[PDB]
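**Q** quick one, what's the 3D model for this:
(2 chains)
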Amino acid sequence: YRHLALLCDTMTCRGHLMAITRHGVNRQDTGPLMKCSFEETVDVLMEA
DNA sequence: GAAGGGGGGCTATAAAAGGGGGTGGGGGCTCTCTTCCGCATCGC
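**A** Numbers count the residues shown, from 1 in each chain, chains lettered A, B, ... in the order given. Below is the structure:
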């Protein structure tokens, strides 16, 4: 359960349903370098 | 009328002369998020 509970917590820790796509994982306030390694490498870095 | 023959032009070589023309080189598939438009609603 702890593995399942951890995934659900990360998807709801910010008070809204956060998808595990780029639209939810890159929107969270992480560093641009982490975001660029996931998806949208240049668009993420251009915005930063 | 086919085929061989004869005569003559073409080829290159130099050189001069002067001008026209030829040649080459410049120039005028699916899912998700964002944006725009029409509508009905109130407000003044």
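**Q** need the three-state assignment for whichever residue of chain A sits closest to DNA strand B.
**A** Distances between chain A and DNA strand B by Cβ to the nearest atom of the strand are smallest at residue A:23, namely 3.9 Å. (C-beta placed from N, C-alpha, C; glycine too.) Look at residue A:23: counting by DSSP: H, G, I helix; E, B strand; the rest coil, its state is helix.
**Q** would you mind finding the longest helix in chain A?
**A** In chain A, taking DSSP state H as the definition, the longest helix is helix A:2-12.
**Q** coming back round to it: what's the burial count for the residue of chain A closest to DNA strand B?
**A** 11 (other Cβ atoms under 10 Å).
**Q** against residue A:16, how distant is it?
**A** Applying Cβ to Cβ, to the nearest Å, the value for residue A:23 to residue A:16 is 12 Å.
**Q** now the nearest residue to residue A:24 once chain neighbours are set aside: which helix or strand?
**A** Distances taken as Cβ to Cβ, 6 or more residues apart in numbering place residue A:18 nearest to residue A:24, at 4.1 Å, with adjacent residues excluded. Residue A:18 belongs to no helix or strand when elements are defined using DSSP states H and E.
**Q** hang on, the earlier thing: list the buried residues for the longest helix of chain A?
**A** Within helix A:2-12, no residue is scored as buried using 16 or more other Cβ atoms under 10 Å.
**Q** so what's the gap between that helix and the chain middle?
**A** 13 Å (Cα atoms, centre = their mean, to the nearest Å).
**Q** so that helix, near DNA strand B or not?
**A** No. If you take Cβ under 7 Å from any atom of the strand as the test, helix A:2-12 misses DNA strand B, and the best it gets is 13.0 Å.
**Q** and that helix, what other elements does it pack with?
**A** Applying 3 or more Cβ pairs under 8 Å, 6 or more residues apart in numbering; DSSP states H and E, one finds that helix A:2-12 contacts no other helix or strand.
**Q** residue A:19 - how many residues pack around it?
**A** Close neighbours of residue A:19, defined as other Cβ under 10 Å, add up to 10.
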